[PDB]
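Just one chain is shown here, as structure tokens, and it is the form solved without the named molecule.
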């Protein structure tokens, strides 16, 4: 049961206003035929245009909400809306485009999907709240057949060109006019009461209904993200490497060790309260401090209320020492904290738009993250960049320019001249730091944190 059987039943009630008289008894096999596509008993990698909820979740990076609204049905213009915010008007003859024939609309769809998806996925999954017009419009810009490879590379084909009779992936599709072998899922098949807007608005206030097709497309995809990543969470699902995932994760571990080690050296806290991932390990294993762990899985819906994490009767005294919240998202951090908080507003290939201001951060696993909120950090300050090292000044073993920097907290810098080892390590650390920040992570610390307190650790 890897793929969705074409003989599975499709509920047609949501389609009967656009398609009156539609049979109640319907399979994906008959629906695909009604849509004008012919499968031809083909076991060549494309068993069904529609996919299961499980297959959709594995391909969340490919999700593109799609809605079609009748402007005036073969005789009337259609408004094609996508979760990218694009609206195209196709004539049968929040970016809005004037009425144009299908032969040119299809070229724009291919360009838009290719630019949106080339750095995200090997395919497209059209996320629908199917009412009819969207399914009957697909024959005008979609071609199907056996699974194919790109004419210029080894990636699977996502586009077809009627001009050259060739196939291309999202990276090599310039000038292509048909979407080839797309996938799709109808959110209405999951069991819902009432319309799209009423279900969407139960969980989200950030997307409105400006009464255009792209608004519906955005709400449809937001509702699907809510159902699959907020109300239901699966950390077993692995996602492929598409960018700097490995460097980002390594940078996060390097920064965590640095910041916590320096906070413990600078303020000598007798106890550290490590709140968050139940599989956390001590990030500064050689530190003297009493290390106490508190389990909290990553919150996917709303940030944790500090009152619920700390109260209702553990050291009990979280006010003693320091609290470490490494990606443990709370409504208001206590004043004695060290925090790493993902900024959902960051633009990247790893960060997808999410539900109610949240974002879906996909890096090995999918993490729906509640909306970034500057008021969570009112008791703290931004953690400035610094590099600290107590390791010996010794090279061992890449050409050099002498390092001069007030933030290189080492014995050699205290002595007036940064050594080659500490200059190389500082530059590698700065690159790791910049990688983590650019990925969207933000760092915050208790207001008394002062790197001037690190210089006396060199006695």
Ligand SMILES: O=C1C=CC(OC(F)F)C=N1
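Residue numbers count along the first chain shown, from 1.
Unmodelled residues of the deposited sequence between residue 313 and residue 314: 1 to 3. According to the entry, the deposited sequence places 10 or more unmodelled residues between residue 93 and residue 94. Stretch comparison (73 to 81 versus 171 to 179) by mean CA B-factor in the PDB entry places 73 to 81 on top. 58 to 66 and 401 to 409 differ in mean CA B-factor, and the higher of the two is recorded for 401 to 409. The residue among 131, 221, 341, 155 whose C-alpha carries the highest B-factor in the deposited model is 155. When the C-alpha B factors of 368, 232, 257, 345 are read from the deposited coordinates, the top value falls at 232. In the deposited entry, the Cα temperature factor of residue 116 sits in the bottom third of values across the chain's modelled residues. Sort the modelled residues of the chain by CA B factor and residue 163 lands in the highest third. Residue-level temperature factors show residue 46 in the highest third of its chain, judged at the C-alpha atom. Ranked by Cα temperature factor within the chain, residue 17 sits in the highest third according to the deposited record.
Sort the chain's modelled residues by C-alpha temperature factor and residue 432 lands in the middle third, per the entry.
Although not depicted, the form solved in complex with the named molecule is the subject of the following passage.
Placed here by superposing the C-alphas around the site, the named molecule (as posed in the bound PDB entry) has at least 3 atoms within 2.4 Å of backbone or C-beta atoms: blocked pocket.
Looking at residue 49, you'd find a heavy atom of it within 4.5 angstroms of the named molecule in the bound PDB entry. Put simply, residue 157 is far from the named molecule in the bound PDB entry: not one heavy atom of it is within 4.5 Å. Although the partner is absent from this view, residue 32 contacts the named molecule in the bound PDB entry, with a non-hydrogen atom inside 4.5 angstroms.
Though the partner is left out of this view, residue 39 does reach within 4.5 Å of the named molecule in the bound PDB entry, counting heavy atoms only.
Residue in contact with the named molecule in the bound PDB entry (any heavy atom within 4.5 Å), chosen from 109, 187, 144, 376: 144.
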